[PDB]
Amino acid sequence: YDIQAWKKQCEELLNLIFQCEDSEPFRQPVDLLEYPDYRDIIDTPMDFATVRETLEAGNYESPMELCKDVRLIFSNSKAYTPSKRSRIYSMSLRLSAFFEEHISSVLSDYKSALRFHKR
Ligand SMILES: CN1Cc2ccccc2NC1=O
């Protein structure tokens, strides 16, 4: 029932994401010189370095807020892809499946801890 445990669990999951080859396109903000129409399509850019910096600054209150920003990385990739068969988008689908498999217990434990605090 530790209300604070989610933070270190999210730091460890971000470390695993950075080691995976499938994160390479998503580690830093999308390069606008490479993709000059990116901001005509994508209203709110997001990347894993931004997520980690937000966490380490103490600017997430819950793992739900971190989970919203990570899902935005994947939805932006889907909106920018010319094909569902693209390389970068296919890396995004494997990395999304890995993320969802590991964040499920972080969310469940946090929400259980809050309910116990309010019992
Ligand atoms: C082919 N692309 C290009 C791309 C650039 C930046 C972010 C996401 C994507 N998605 C794609 O599938």
Side-chain angles (χ1 to χ4, degrees), residues 1-7 9-119:
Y1 306 127
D2 181 341
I3 295 163
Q4 287 90 49
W6 65 276
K7 180 174 186 176
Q9 290 160 1
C10 288
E11 290 166 351
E12 295 176 1
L13 179 53
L14 288 167
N15 286 341
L16 292 174
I17 288 171
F18 275 90
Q19 283 300 317
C20 294
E21 291 178 358
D22 286 341
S23 69
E24 204 295 322
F26 311 110
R27 293 174 187 161
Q28 302 297 325
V30 168
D31 188 342
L32 302 190
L33 296 175
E34 293 186 8
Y35 302 108
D37 64 356
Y38 190 77
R39 296 303 300 276
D40 301 334
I41 300 142
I42 298 302
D43 294 338
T44 311
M46 191 53 55
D47 67 279
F48 288 104
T50 297
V51 173
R52 178 182 272 164
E53 287 162 12
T54 307
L55 183 68
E56 296 302 282
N59 293 353
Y60 291 127
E61 198 179 9
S62 75
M64 296 85 78
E65 293 179 345
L66 176 146
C67 188
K68 182 175 158 169
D69 282 351
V70 170
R71 287 170 178 172
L72 181 62
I73 295 171
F74 302 133
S75 61
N76 288 345
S77 185
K78 188 173 189 173
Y80 198 67
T81 194
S83 165
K84 288 190 171 196
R85 298 184 60 189
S86 307
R87 183 60 198 274
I88 293 172
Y89 171 70
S90 84
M91 291 159 92
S92 96
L93 292 179
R94 293 189 298 257
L95 194 67
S96 175
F98 176 84
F99 175 72
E100 292 294 335
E101 173 179 289
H102 289 72
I103 204 65
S104 54
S105 58
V106 180
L107 296 167
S108 294
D109 287 1
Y110 175 77
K111 294 179 176 192
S112 165
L114 266 194
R115 289 189 293 266
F116 188 76
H117 192 76
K118 292 161 212 18
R119 79 203 176 273

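In this chain, numbering begins with 1 at the start of the sequence shown. The basis for the numbers below is simple: all heavy atoms, side chains too, and nothing from hydrogens, waters or symmetry mates. Counting starts at 1 for both ligands and their atoms, following the listed order.
With hydrogens left out, the protein atom closest to atom 2 (N) of ligand 1 is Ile88 CB, 4.1 Å, a heavy atom. Among all non-hydrogen protein atoms, the one lying nearest atom 4 (C) of ligand 1 is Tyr80 CD2, 3.6 Å. Looking from atom 8 (C) of ligand 1 to the surrounding protein, the closest heavy atom is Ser77 OG, 3.6 Å. The protein heavy atom nearest to atom 7 (C) of ligand 1 is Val30 CG2, 3.9 Å. Here the heavy atom of the protein found nearest to atom 12 (O) of ligand 1 is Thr81 OG1, 2.9 Å.
Put simply, the side chain of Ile103 reaches to within 4.5 Å of the side chain of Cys10, judged on heavy atoms. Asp109 places none of its side-chain heavy atoms less than 4.5 Å from the side chain of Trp6.
Taking every heavy atom of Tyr89 and a limit of under 4.0 angstrom, the matching atoms of ligand 1 come to 12 (O).
Of the inter-residue distances, the one linking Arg71 atom CZ with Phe99 atom CZ reads 6.5 Å to the nearest 0.5 angstrom.
Within 6.0 Å of the CZ atom in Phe18, the count of heavy atoms belonging to other residues, nucleotides or ligands exceeds 12.
The two residues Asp2 and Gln4 make their nearest non-hydrogen contact at OD1-N, 2.9 Å.
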